[PDB]
Amino acid sequence: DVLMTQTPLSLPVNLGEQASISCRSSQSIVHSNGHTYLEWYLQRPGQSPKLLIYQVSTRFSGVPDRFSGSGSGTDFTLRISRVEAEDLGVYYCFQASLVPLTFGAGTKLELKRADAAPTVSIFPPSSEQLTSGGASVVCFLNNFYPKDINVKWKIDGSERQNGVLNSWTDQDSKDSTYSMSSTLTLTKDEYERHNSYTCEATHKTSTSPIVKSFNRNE
Amino acid sequence: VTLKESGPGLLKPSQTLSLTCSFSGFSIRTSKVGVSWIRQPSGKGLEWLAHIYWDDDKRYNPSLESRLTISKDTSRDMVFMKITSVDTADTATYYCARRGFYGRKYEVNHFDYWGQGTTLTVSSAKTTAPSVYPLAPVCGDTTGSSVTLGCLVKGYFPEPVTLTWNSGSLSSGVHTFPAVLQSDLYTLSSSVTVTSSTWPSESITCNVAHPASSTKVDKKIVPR
Ligand code: NA
Ligand code: NA
Ligand SMILES: [Zn+2]
């Protein structure tokens with residue numbers, strides 16, 4: 001099938017700067033009729049997708065001229081000459097030449113800002129939850145930039161990948177940072193077998209692991 | 001030109017999803033446009049499902065085709081989609097998109113109008129009120145100039161809940177995270193960060209309302 005590969009998947013810009021998004025198809029997407037059905041769609045937060053560019057390089061009605069498309073065969077590029085607030089959102093390339101019609105993974109056009117280290121806080125299970133037989137440990141990692149972060153739970157020094165639920169906020173509309181919550185859910189009995197609980201983050205703002213821990217008995 | 005999708009909102013696994021896209025402002029019959037269904041699974045990008053052309057020819061995504069049936073009723077100006085045997089992974093926003101063109105260079109076609117979408121959640125759960133757990137730090141994490149408290153809202157169905165701190169009087173320093181579906185139920189969390197001179201000397205409580213279960217609960221964050 002035709003795989004559509006977009007690069008990059010996240011694109012931080014300053015408003016007023018140029019943006020370029022690459023879309024590479026796994027084979028030629030020229031239809032037998034000689035048309036290249038390569039389209040670019042923008043989905044802004046809270047909205048449905050909207051057409052920007054069709055047939056590689058043609059702007060749809062109502063689309064500002066700061067949007068342009070180019071490419072041939074298997075290599076395509078969307079450019080925005082001067083990025084506006086209303087351009088922020090997720091861009092998808094789409095090929096309709098071959099069935100299944102396929103979309104790229106999306107490129108999130110977001111805002112650049114200076115790096116910011118997360119404020120990391122860890123929380124033991126509540127007595128209320130323990131009485132019902134469960135035990136969730138929660139780690140918040142707040143107000144960081146860039147969005148790239150690796151978060152690992154360790155219980156008595158061993159990584160725990162199972163039982164985890166993560167959630168993330170959108171880029172903050174005022175300070176442009178990101179926040180994350182990670183919850184590791186265990187049984188009460190498992191929680192009470194173990195001693196040391198650790199939320200370990202890797203982020204470009206620290207040369208070493210950012211660690212927050214507690215002991216069940218402290 | 002307007003498109004509007006409708007569907008069941010919630011289904012239990014194994015059920016058949018029946019979607020309708022209702023068109024106005026133009027005739028499906030006359031225009032010769034095609035129509036597709038496209039979905040956006042939770043946490044994912046867009047995925048094309050099926051297409052119906054003016055002449056009722058049909059194309060499907062082979063990843064899902066065995067479960068899909070697209071159809072049309074031009075007299076009602078409606079296009080339909082059936083998806084059999086739904087399960088969790090079908091939780092998505094479903095969009096109808098018109099495959100238009102400038103009239104009438106038929107070869108130069110593209111998705112020019114999209115509906116607002118219809119949301120589907122697939123879960124075996126009945127309506128289930130949240131368990132609301134206050135998150136207090138260990139004592140050793142209360143010695144700085146600020147302190148972060150939290151609230152964990154676990155195991156509810158369906159969305160939404162509303163969460164506030166001190167009935168909305170505590171609004172700065174708050175991060176409330178999007179709900180996530182897991183094992184048929186939603187979990188949400190929220191943190192609030194205050195000066196150490198604010199808590200525990202002043203009480204801080206998370207308030208959680210879940211309209212579907214007619215529940216409202218307050219949980220004071222007690223120091224450990
Ligand atoms: Na264990
Ligand atoms: Na042609
Ligand atoms: Zn392939």
# chains A, B, ... in the order shown; residues from 1 in each chain; ligands from 1
call {"tool": "residues_near_ligand", "arguments": {"ligand": "ligand 2", "cutoff": "7 Å", "atoms": "only C-alpha atoms and all ligand atoms", "output": "PyMOL selection string"}}
result
(chain A and resi 33-35) or (chain B and resi 107)
call {"tool": "write_last_selection", "arguments": {"atoms": "C-alpha atoms", "output": "JSON list (two decimals), in the first residue's frame"}}
result
[["chain", "number", "residue", "atom", "x", "y", "z"],
["A", 33, "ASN", "CA", -5.00, 9.48, -15.67],
["A", 34, "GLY", "CA", -1.78, 11.51, -15.20],
["A", 35, "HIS", "CA", -2.94, 13.42, -12.13],
["B", 107, "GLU", "CA", -10.55, 14.77, -12.69]]
call {"tool": "residues_near_ligand", "arguments": {"ligand": "ligand 1", "cutoff": "8 Å", "atoms": "only C-alpha atoms and all ligand atoms", "output": "number ranges by chain"}}
result
A: 190-191, 193-194
call {"tool": "write_last_selection", "arguments": {"atoms": "N, CA and C atoms", "output": "compact mmCIF listing (two decimals), in the first residue's frame"}}
result
# COMPACT_ATOMS: atom_id res chain seq x y z
N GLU A 190 0.04 -5.59 45.99
CA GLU A 190 1.34 -5.36 45.31
C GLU A 190 2.02 -4.11 45.88
N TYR A 191 1.26 -3.03 46.03
CA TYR A 191 1.78 -1.79 46.58
C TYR A 191 2.43 -2.06 47.93
N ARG A 193 3.80 -4.74 49.11
CA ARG A 193 4.95 -5.63 49.05
C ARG A 193 6.23 -4.88 48.75
N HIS A 194 6.12 -3.66 48.23
CA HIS A 194 7.26 -2.92 47.73
C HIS A 194 7.53 -1.67 48.55
call {"tool": "residues_near_ligand", "arguments": {"ligand": "ligand 3", "cutoff": "9 Å", "atoms": "only C-alpha atoms and all ligand atoms", "output": "list in words"}}
result
residues 1, 2, 3, 26 and 27 of chain A
call {"tool": "write_last_selection", "arguments": {"atoms": "N, CA and C atoms", "output": "CSV table (one decimal), in the first residue's frame"}}
result
chain,number,residue,atom,x,y,z
A,1,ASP,N,0.9,-1.3,0.0
A,1,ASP,CA,0.0,0.0,0.0
A,1,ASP,C,0.9,1.2,0.0
A,2,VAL,N,0.3,2.4,-0.2
A,2,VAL,CA,1.2,3.6,-0.2
A,2,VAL,C,1.3,4.2,1.2
A,3,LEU,N,2.6,4.1,1.8
A,3,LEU,CA,2.9,4.7,3.0
A,3,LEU,C,3.3,6.1,2.8
A,26,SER,N,5.8,6.0,-0.5
A,26,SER,CA,6.6,4.8,-0.7
A,26,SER,C,6.7,4.4,-2.1
A,27,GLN,N,5.8,4.8,-3.0
A,27,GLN,CA,5.9,4.6,-4.4
A,27,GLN,C,5.3,5.9,-5.1
call {"tool": "select_by_dssp", "arguments": {"residues": "chain A", "states": "strand (DSSP E or B)", "output": "PyMOL selection string"}}
result
chain A and resi 4-7+10-13+19-25+30+36+38-43+50-54+58-59+67-72+75-80+89-95+102-103+107-111+116+119-123+134-145+150-155+158-160+164-168+178-187+196-202+210-215
call {"tool": "closest_residue", "arguments": {"among": "A:206, A:74, A:167, A:32", "to": "chain B", "atoms": "only C-alpha atoms"}}
result
A:167
call {"tool": "closest_residue", "arguments": {"among": "A:97, A:5, A:173, A:48", "to": "residue 85 (chain A)", "atoms": "only C-alpha atoms"}}
result
A:173
call {"tool": "interface_residues", "arguments": {"of": "chain A", "to": "chain B", "cutoff": "7 Å", "atoms": "only C-alpha atoms", "output": "JSON, numbers by chain"}}
result
{"A": [48, 49, 51, 54, 99, 100, 101, 102, 103, 105, 106, 121, 122, 123, 126, 128, 129, 167, 168, 169]}
call {"tool": "closest_residue", "arguments": {"among": "A:157, A:98, A:197, A:81", "to": "residue 136 (chain A)", "atoms": "only C-alpha atoms"}}
result
A:197
call {"tool": "closest_residue", "arguments": {"among": "B:153, B:89, B:96, B:28", "to": "residue 75 (chain B)", "atoms": "only C-alpha atoms"}}
result
B:28
call {"tool": "residues_around", "arguments": {"residues": "residue 25 (chain B)", "least_positions_apart": "5", "cutoff": "12 Å", "atoms": "only C-alpha atoms", "output": "PyMOL selection string"}}
result
chain B and resi 1-4+30-31+77+113
call {"tool": "write_last_selection", "arguments": {"atoms": "N, CA and C atoms", "output": "tab-separated table (two decimals), in the first residue's frame"}}
result
chain	number	residue	atom	x	y	z
B	1	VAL	N	-23.37	24.86	1.11
B	1	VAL	CA	-23.10	23.39	1.25
B	1	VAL	C	-22.80	23.07	2.72
B	2	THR	N	-23.56	22.15	3.29
B	2	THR	CA	-23.32	21.71	4.66
B	2	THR	C	-23.40	20.19	4.74
B	3	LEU	N	-22.52	19.60	5.53
B	3	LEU	CA	-22.58	18.16	5.82
B	3	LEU	C	-22.74	18.02	7.32
B	4	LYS	N	-23.51	17.03	7.76
B	4	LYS	CA	-23.71	16.79	9.20
B	4	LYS	C	-23.79	15.30	9.50
B	30	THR	N	-27.46	15.58	-8.61
B	30	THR	CA	-27.00	16.50	-9.65
B	30	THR	C	-25.49	16.72	-9.72
B	31	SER	N	-24.85	16.86	-8.57
B	31	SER	CA	-23.46	17.33	-8.50
B	31	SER	C	-22.43	16.33	-9.04
B	77	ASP	N	-30.76	12.80	0.29
B	77	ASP	CA	-29.48	13.52	0.30
B	77	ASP	C	-28.63	13.02	1.47
B	113	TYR	N	-15.46	19.94	1.30
B	113	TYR	CA	-16.29	20.14	2.50
B	113	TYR	C	-16.26	18.91	3.41
call {"tool": "select_by_dssp", "arguments": {"residues": "region 33-207 of chain A", "states": "helix (DSSP H, G or I)", "output": "list in words"}}
result
residues 85, 86, 87, 127, 128, 129, 130, 131, 188, 189, 190 and 191 of chain A
call {"tool": "atom_distance", "arguments": {"atom1": "CA of residue 134 (chain A)", "atom2": "CA of residue 192 (chain A)"}}
result
10.4 Å
call {"tool": "residues_around", "arguments": {"residues": "residue 70 (chain A)", "least_positions_apart": "4", "cutoff": "10 Å", "atoms": "only C-alpha atoms", "output": "list in words"}}
result
residues 22, 38, 53, 55, 56, 57, 58, 75, 76, 77, 78 and 79 of chain A
call {"tool": "residues_around", "arguments": {"residues": "residue 129 (chain B)", "least_positions_apart": "6", "cutoff": "12 Å", "atoms": "only C-alpha atoms", "output": "count of residues only"}}
result
22
call {"tool": "residues_around", "arguments": {"residues": "residue 172 (chain A)", "least_positions_apart": "3", "cutoff": "12 Å", "atoms": "only C-alpha atoms", "output": "JSON, numbers by chain"}}
result
{"A": [110, 111, 112, 113, 142, 143, 144, 145, 146, 147, 168, 169, 175, 176, 177, 178, 179, 180], "B": [174, 175, 176]}
call {"tool": "atom_distance", "arguments": {"atom1": "CA of residue 196 (chain B)", "atom2": "CA of residue 171 (chain B)"}}
result
16.7 Å
call {"tool": "atom_distance", "arguments": {"atom1": "CA of residue 96 (chain A)", "atom2": "CA of residue 99 (chain B)"}}
result
10.6 Å
call {"tool": "residues_around", "arguments": {"residues": "residue 10 (chain B)", "least_positions_apart": "2", "cutoff": "9 Å", "atoms": "only C-alpha atoms", "output": "list in words"}}
result
residues 7, 8, 12, 91, 119, 120, 121, 122, 123 and 158 of chain B
call {"tool": "write_last_selection", "arguments": {"atoms": "N, CA, C and O atoms", "output": "mmCIF file, in the first residue's frame"}}
result
data_model
loop_
_atom_site.group_PDB
_atom_site.id
_atom_site.type_symbol
_atom_site.label_atom_id
_atom_site.label_comp_id
_atom_site.auth_asym_id
_atom_site.auth_seq_id
_atom_site.Cartn_x
_atom_site.Cartn_y
_atom_site.Cartn_z
ATOM 1 N N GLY B 7 -24.774 9.668 14.640
ATOM 2 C CA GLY B 7 -24.489 8.307 15.032
ATOM 3 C C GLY B 7 -24.934 8.119 16.471
ATOM 4 O O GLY B 7 -25.513 9.034 17.077
ATOM 5 N N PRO B 8 -24.664 6.937 17.027
ATOM 6 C CA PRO B 8 -25.165 6.523 18.339
ATOM 7 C C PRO B 8 -24.485 7.142 19.569
ATOM 8 O O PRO B 8 -25.003 6.990 20.694
ATOM 9 N N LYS B 12 -21.570 -0.686 22.714
ATOM 10 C CA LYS B 12 -20.895 -1.729 23.439
ATOM 11 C C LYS B 12 -20.188 -2.604 22.407
ATOM 12 O O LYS B 12 -20.650 -2.732 21.263
ATOM 13 N N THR B 91 -13.329 3.619 18.776
ATOM 14 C CA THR B 91 -13.511 4.874 19.474
ATOM 15 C C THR B 91 -12.759 5.962 18.678
ATOM 16 O O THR B 91 -11.542 5.894 18.538
ATOM 17 N N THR B 119 -18.786 11.849 17.301
ATOM 18 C CA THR B 119 -17.947 11.114 18.225
ATOM 19 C C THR B 119 -18.564 9.749 18.574
ATOM 20 O O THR B 119 -19.771 9.674 18.855
ATOM 21 N N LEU B 120 -17.754 8.693 18.574
ATOM 22 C CA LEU B 120 -18.163 7.384 19.081
ATOM 23 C C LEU B 120 -17.216 6.933 20.166
ATOM 24 O O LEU B 120 -15.995 7.005 19.993
ATOM 25 N N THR B 121 -17.789 6.448 21.264
ATOM 26 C CA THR B 121 -17.048 5.773 22.272
ATOM 27 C C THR B 121 -17.570 4.337 22.398
ATOM 28 O O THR B 121 -18.773 4.114 22.502
ATOM 29 N N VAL B 122 -16.659 3.375 22.355
ATOM 30 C CA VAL B 122 -16.996 1.960 22.498
ATOM 31 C C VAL B 122 -16.503 1.458 23.854
ATOM 32 O O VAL B 122 -15.317 1.505 24.163
ATOM 33 N N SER B 123 -17.445 0.970 24.646
ATOM 34 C CA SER B 123 -17.186 0.506 25.986
ATOM 35 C C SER B 123 -18.265 -0.425 26.459
ATOM 36 O O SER B 123 -19.434 -0.247 26.149
ATOM 37 N N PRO B 158 -19.899 7.740 31.259
ATOM 38 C CA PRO B 158 -19.109 8.254 30.151
ATOM 39 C C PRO B 158 -18.505 9.601 30.511
ATOM 40 O O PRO B 158 -18.658 10.069 31.635
#
call {"tool": "decode", "arguments": {"residues": "region 25-172 of chain B", "atoms": "C-alpha atoms", "output": "mmCIF file, in the first residue's frame"}}
result
data_model
loop_
_atom_site.group_PDB
_atom_site.id
_atom_site.type_symbol
_atom_site.label_atom_id
_atom_site.label_comp_id
_atom_site.auth_asym_id
_atom_site.auth_seq_id
_atom_site.Cartn_x
_atom_site.Cartn_y
_atom_site.Cartn_z
ATOM 1 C CA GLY B 25 -27.308 23.343 0.155
ATOM 2 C CA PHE B 26 -26.895 21.138 -2.928
ATOM 3 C CA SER B 27 -28.114 17.923 -4.604
ATOM 4 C CA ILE B 28 -25.984 14.750 -4.373
ATOM 5 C CA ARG B 29 -27.767 13.441 -7.483
ATOM 6 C CA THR B 30 -27.005 16.503 -9.653
ATOM 7 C CA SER B 31 -23.460 17.328 -8.503
ATOM 8 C CA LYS B 32 -21.847 13.947 -9.397
ATOM 9 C CA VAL B 33 -19.633 14.285 -6.281
ATOM 10 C CA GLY B 34 -18.239 11.301 -4.388
ATOM 11 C CA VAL B 35 -18.428 11.022 -0.635
ATOM 12 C CA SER B 36 -16.004 9.428 1.838
ATOM 13 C CA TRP B 37 -15.986 8.525 5.467
ATOM 14 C CA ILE B 38 -12.808 9.312 7.389
ATOM 15 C CA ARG B 39 -12.123 8.694 11.069
ATOM 16 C CA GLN B 40 -9.734 9.884 13.754
ATOM 17 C CA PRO B 41 -9.216 7.250 16.449
ATOM 18 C CA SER B 42 -8.391 8.589 19.904
ATOM 19 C CA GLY B 43 -4.780 9.784 19.983
ATOM 20 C CA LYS B 44 -4.285 9.071 16.281
ATOM 21 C CA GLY B 45 -4.278 10.847 12.954
ATOM 22 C CA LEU B 46 -6.813 10.610 10.146
ATOM 23 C CA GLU B 47 -7.701 7.326 8.433
ATOM 24 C CA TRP B 48 -9.798 6.970 5.278
ATOM 25 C CA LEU B 49 -12.553 4.320 5.524
ATOM 26 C CA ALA B 50 -14.716 4.183 2.411
ATOM 27 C CA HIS B 51 -15.834 6.091 -0.682
ATOM 28 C CA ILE B 52 -19.033 6.082 -2.692
ATOM 29 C CA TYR B 53 -19.100 7.589 -6.156
ATOM 30 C CA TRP B 54 -22.080 9.261 -7.853
ATOM 31 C CA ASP B 55 -22.821 6.025 -9.761
ATOM 32 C CA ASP B 56 -22.835 3.973 -6.495
ATOM 33 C CA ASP B 57 -19.487 2.358 -7.188
ATOM 34 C CA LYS B 58 -17.718 1.832 -3.818
ATOM 35 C CA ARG B 59 -14.136 1.607 -2.526
ATOM 36 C CA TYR B 60 -12.924 0.599 0.902
ATOM 37 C CA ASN B 61 -9.795 0.606 3.030
ATOM 38 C CA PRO B 62 -8.641 -3.075 3.038
ATOM 39 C CA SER B 63 -7.559 -2.689 6.671
ATOM 40 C CA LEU B 64 -11.253 -2.460 7.668
ATOM 41 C CA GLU B 65 -13.202 -3.458 4.506
ATOM 42 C CA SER B 66 -14.504 -6.753 5.860
ATOM 43 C CA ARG B 67 -16.493 -4.772 8.464
ATOM 44 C CA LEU B 68 -17.599 -1.836 6.304
ATOM 45 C CA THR B 69 -20.634 -1.126 4.158
ATOM 46 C CA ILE B 70 -21.130 2.302 2.549
ATOM 47 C CA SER B 71 -24.444 3.254 0.905
ATOM 48 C CA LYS B 72 -26.469 6.278 -0.233
ATOM 49 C CA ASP B 73 -30.055 7.541 -0.573
ATOM 50 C CA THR B 74 -29.985 10.421 -3.048
ATOM 51 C CA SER B 75 -33.694 11.133 -2.425
ATOM 52 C CA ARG B 76 -32.860 11.964 1.213
ATOM 53 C CA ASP B 77 -29.482 13.523 0.296
ATOM 54 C CA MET B 78 -27.782 11.093 2.705
ATOM 55 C CA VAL B 79 -24.792 8.760 2.729
ATOM 56 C CA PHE B 80 -24.512 5.948 5.272
ATOM 57 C CA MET B 81 -21.797 3.798 6.795
ATOM 58 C CA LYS B 82 -22.167 0.518 8.688
ATOM 59 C CA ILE B 83 -19.303 -0.895 10.716
ATOM 60 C CA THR B 84 -19.966 -4.335 12.172
ATOM 61 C CA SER B 85 -18.515 -5.860 15.365
ATOM 62 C CA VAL B 86 -17.267 -2.661 17.014
ATOM 63 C CA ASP B 87 -14.619 -2.739 19.740
ATOM 64 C CA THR B 88 -12.492 -0.271 21.686
ATOM 65 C CA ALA B 89 -10.295 0.667 18.725
ATOM 66 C CA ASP B 90 -13.344 2.058 16.880
ATOM 67 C CA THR B 91 -13.511 4.874 19.474
ATOM 68 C CA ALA B 92 -12.985 7.839 17.144
ATOM 69 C CA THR B 93 -14.472 10.953 15.580
ATOM 70 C CA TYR B 94 -16.121 9.988 12.295
ATOM 71 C CA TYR B 95 -16.163 12.507 9.481
ATOM 72 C CA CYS B 96 -18.067 12.684 6.222
ATOM 73 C CA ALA B 97 -16.164 14.491 3.447
ATOM 74 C CA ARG B 98 -17.428 15.545 0.034
ATOM 75 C CA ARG B 99 -15.175 14.754 -2.917
ATOM 76 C CA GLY B 100 -15.937 17.931 -4.895
ATOM 77 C CA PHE B 101 -14.335 19.662 -7.870
ATOM 78 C CA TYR B 102 -14.807 22.911 -9.900
ATOM 79 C CA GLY B 103 -17.848 22.313 -12.080
ATOM 80 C CA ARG B 104 -17.087 20.213 -13.897
ATOM 81 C CA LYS B 105 -13.453 19.222 -14.173
ATOM 82 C CA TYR B 106 -14.242 15.826 -12.636
ATOM 83 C CA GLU B 107 -10.548 14.770 -12.691
ATOM 84 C CA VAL B 108 -9.620 17.650 -10.400
ATOM 85 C CA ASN B 109 -11.368 16.373 -7.297
ATOM 86 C CA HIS B 110 -10.557 16.706 -3.594
ATOM 87 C CA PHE B 111 -12.229 16.813 -0.186
ATOM 88 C CA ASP B 112 -13.640 20.356 -0.286
ATOM 89 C CA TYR B 113 -16.287 20.137 2.501
ATOM 90 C CA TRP B 114 -16.157 18.154 5.742
ATOM 91 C CA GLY B 115 -18.758 17.697 8.447
ATOM 92 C CA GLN B 116 -18.207 18.707 12.073
ATOM 93 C CA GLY B 117 -17.812 15.008 12.904
ATOM 94 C CA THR B 118 -19.623 12.591 15.186
ATOM 95 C CA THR B 119 -17.947 11.114 18.225
ATOM 96 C CA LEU B 120 -18.163 7.384 19.081
ATOM 97 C CA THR B 121 -17.048 5.773 22.272
ATOM 98 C CA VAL B 122 -16.996 1.960 22.498
ATOM 99 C CA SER B 123 -17.186 0.506 25.986
ATOM 100 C CA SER B 124 -18.784 -2.310 27.885
ATOM 101 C CA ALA B 125 -19.323 -0.061 30.936
ATOM 102 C CA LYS B 126 -22.658 1.137 32.297
ATOM 103 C CA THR B 127 -22.876 4.679 33.589
ATOM 104 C CA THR B 128 -20.364 4.663 36.461
ATOM 105 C CA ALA B 129 -19.632 7.490 38.884
ATOM 106 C CA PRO B 130 -15.952 8.413 39.489
ATOM 107 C CA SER B 131 -13.894 7.443 42.522
ATOM 108 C CA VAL B 132 -12.196 10.673 43.535
ATOM 109 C CA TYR B 133 -8.889 10.358 45.398
ATOM 110 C CA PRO B 134 -7.026 13.226 47.060
ATOM 111 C CA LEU B 135 -3.250 13.263 46.385
ATOM 112 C CA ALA B 136 -1.093 14.627 49.197
ATOM 113 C CA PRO B 137 2.723 14.688 49.037
ATOM 114 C CA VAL B 138 4.935 12.773 51.481
ATOM 115 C CA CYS B 139 6.071 15.069 54.319
ATOM 116 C CA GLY B 140 9.579 15.484 52.846
ATOM 117 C CA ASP B 141 8.062 17.120 49.745
ATOM 118 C CA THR B 142 6.344 19.853 51.784
ATOM 119 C CA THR B 143 9.535 21.658 52.861
ATOM 120 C CA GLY B 144 9.980 23.949 49.773
ATOM 121 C CA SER B 145 8.556 27.418 48.964
ATOM 122 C CA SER B 146 5.724 25.845 46.983
ATOM 123 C CA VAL B 147 3.807 22.589 47.191
ATOM 124 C CA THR B 148 1.834 20.618 44.582
ATOM 125 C CA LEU B 149 -1.343 18.739 45.450
ATOM 126 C CA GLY B 150 -3.458 16.590 43.226
ATOM 127 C CA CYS B 151 -6.718 14.860 42.569
ATOM 128 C CA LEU B 152 -7.196 11.552 40.769
ATOM 129 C CA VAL B 153 -10.558 10.858 39.212
ATOM 130 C CA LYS B 154 -10.742 7.187 38.409
ATOM 131 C CA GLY B 155 -13.064 4.720 36.757
ATOM 132 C CA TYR B 156 -16.006 6.748 35.448
ATOM 133 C CA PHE B 157 -18.156 6.424 32.374
ATOM 134 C CA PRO B 158 -19.109 8.254 30.151
ATOM 135 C CA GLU B 159 -17.423 11.601 29.671
ATOM 136 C CA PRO B 160 -17.417 14.289 30.871
ATOM 137 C CA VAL B 161 -16.576 15.311 34.389
ATOM 138 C CA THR B 162 -15.932 18.811 35.656
ATOM 139 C CA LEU B 163 -13.149 19.391 38.190
ATOM 140 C CA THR B 164 -12.444 22.522 40.202
ATOM 141 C CA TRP B 165 -10.329 23.447 43.208
ATOM 142 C CA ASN B 166 -11.939 25.289 46.141
ATOM 143 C CA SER B 167 -15.123 25.628 44.052
ATOM 144 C CA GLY B 168 -13.263 27.569 41.333
ATOM 145 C CA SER B 169 -11.686 30.131 43.667
ATOM 146 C CA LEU B 170 -8.393 28.360 43.144
ATOM 147 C CA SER B 171 -7.796 28.639 39.387
ATOM 148 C CA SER B 172 -4.151 29.709 38.986
#
